[PDB]
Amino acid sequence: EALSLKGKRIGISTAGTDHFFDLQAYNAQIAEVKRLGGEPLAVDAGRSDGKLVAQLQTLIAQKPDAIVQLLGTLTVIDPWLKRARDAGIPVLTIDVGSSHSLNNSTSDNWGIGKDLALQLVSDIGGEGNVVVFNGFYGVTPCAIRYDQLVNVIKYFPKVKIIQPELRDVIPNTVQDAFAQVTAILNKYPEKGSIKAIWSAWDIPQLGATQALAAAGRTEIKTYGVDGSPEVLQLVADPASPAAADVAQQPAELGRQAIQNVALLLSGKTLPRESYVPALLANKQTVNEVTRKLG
């Protein structure tokens, strides 16, 4: 029969909503629970680990029909996802590869990370130095994306990751990424001594790209993931060093998660992960990518 959540209460917990991917996935879950007739209990951690734990505890005390957790550092949330299951509460996730989740809605990040890395390598001629932002390695999709970069360049050994990897941050992501790249360009002033800057998601990319323009170092190419509109439009600008951004579908991911909650409560067994396609946008493909998202 048609899916429904009538009479159900669904806990919806996100690590934050402070940029495109997170806001989209969060809102679309809330929307979808409502559209299926369920009652969402939606809690935003504002990117505090303390608030994230505290709101999951409260959702647990509420004994909703399911909890969906969006993003977060796996070691931070895992004890609470376990507690929820132990309390009798079905747990699903978005971008969290937990043993305690019944189903993780996520892009196929092996595909994403490999595709981005191969683009990067091809773009720089198989040779040169790469500045890497790797500040969210504790977050499943970012860990996978980083692992794939490492693994792709392993087989193109004239490609090197510059040492001290940088740590991107949230919030203040753009201003911080701008400052870090600005300071690193001053360590490596010689044209050609950096060829790319990689990030696991595209808001640090945005900071990076800006710092390149400001510094007069646009020979350097930038790379990222999410397809936030503000960054896609940089990729589309020939005069921008933003070279590639793998677009994700966060509203689709959020709807899928809730679709999968309904399926679970109706009795069906879920696959452990459910992959939503992603689309690599480079300077040639961004138009057809941007159009498929709008």
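Don't overthink the numbering: it's just position in the shown sequence, from 1.
So which stretch wins on mean C-alpha B-factor, 132-140 or 153-161? Taking the mean B-factor of the alpha carbons in each, 153-161 is higher.
Mean CA B-factor: is it higher for 237-245 or for 253-261? The stretch with the larger mean CA B-factor is 237-245.
Top Cα B factor in the deposited entry, candidates 200, 215, 77, 84: When the deposited C-alpha B-factors of 200, 215, 77, 84 are compared, 215 is largest.
In the PDB entry, which of 109, 205, 105, 172 has its C-alpha at the highest B-factor? Answer for 109, 205, 105, 172: 172, with the highest C-alpha B-factor.
B-factor third for the C-alpha atom of residue 146 within its chain: Lowest third of the chain for residue 146's C-alpha B-factor.
Pull the Cα B-factor of residue 168 out of the PDB entry and bin it into the chain's lowest, middle or highest third. Its C-alpha B-factor, which the entry lists for residue 168, ranks in the middle third among residues of this chain.
Name the third of the chain's ranked CA B-factors that contains residue 27, choosing lowest, middle or highest. It belongs to the middle third of the chain when residues are ordered by C-alpha B-factor.
Based on the entry's values, in what third of the chain does the Cα temperature factor of residue 118 lie: lowest, middle or highest? Middle third - that is where residue 118 ends up once the chain's C-alpha B-factors are sorted.
Determine, from the deposited record, the chain-internal third of the Cα B-factor for residue 62: lowest, middle or highest. For residue 62, whose C-alpha B-factor we compare with every modelled residue in the chain, the answer is the middle third.
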